[PDB]
């Protein structure tokens, strides 16, 4: 018997207007990781239940523009990629690049800057094989990265993350 718990949190994300080499195409990127404790603030504590292990079965990231940005105002496209190891940490690019850093990655999916994206993924921490983790709740799971060409104007987004967490006795 597997019990499932859905958790969610939100935050703002900004893509800043291009200020260097204006008129040329440059890319940047960022990334998101997942830990059960990131989502256990407004929620009672699972350890008080007689569950032995938990597993992050599925995660969802949805980032959509706000601040009055026009969806019909084109700002190019970047990519999203599911990267399931610590290597993802290098994708909060400190320097601008001339090429999209995530387009070459396995399973890279295009997304349009002015419309945002929604993507499902299976983030990864016997645990190494199945993902079942003893209750622990701070174990980092990787992960989703997203790239973008730098736009002419700053764009603000609302990001919602959703965890689909499994528990077994």
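Positions refer to the first chain, counted from 1.
Trainee: Can you tell me how many deposited residues have no coordinates between residue 125 and residue 126? The categories are none, 1 to 3, 4 to 9, and 10 or more.
Mentor: The entry has a long gap there, with 10 or more residues left out between residue 125 and residue 126.
Trainee: None, 1 to 3, 4 to 9, or 10 or more: how many residues of the deposited sequence lack coordinates between residue 135 and residue 136?
Mentor: Gap between residue 135 and residue 136: 4 to 9 unmodelled residues.
Trainee: Name the higher of the two by mean Cα B-factor in the PDB entry, 93-101 versus 73-81.
Mentor: Per the PDB record, 93-101.
Trainee: With reference to the PDB entry, specify whether the mean Cα temperature factor is higher for 42-50 or for 139-147.
Mentor: That would be 42-50.
Trainee: Using the temperature factors in the entry, find which of 130, 33, 66, 28 has the highest value at its Cα atom.
Mentor: The listed residue with the largest C-alpha B-factor is 130.
Trainee: Could you tell me which one of 159, 24, 156, 19 shows the highest CA temperature factor in the PDB record?
Mentor: Out of 159, 24, 156, 19, the record gives the largest C-alpha B-factor to 19.
Trainee: Split the chain's modelled residues into thirds by Cα B-factor; is residue 62 in the lowest, middle or highest one?
Mentor: For residue 62, the deposited C-alpha B-factor lands in the lowest third.
Trainee: Would you mind ranking residue 8 by its C-alpha B-factor against the rest of the chain and naming the third, lowest, middle or highest?
Mentor: For residue 8, the deposited C-alpha B-factor lands in the lowest third.
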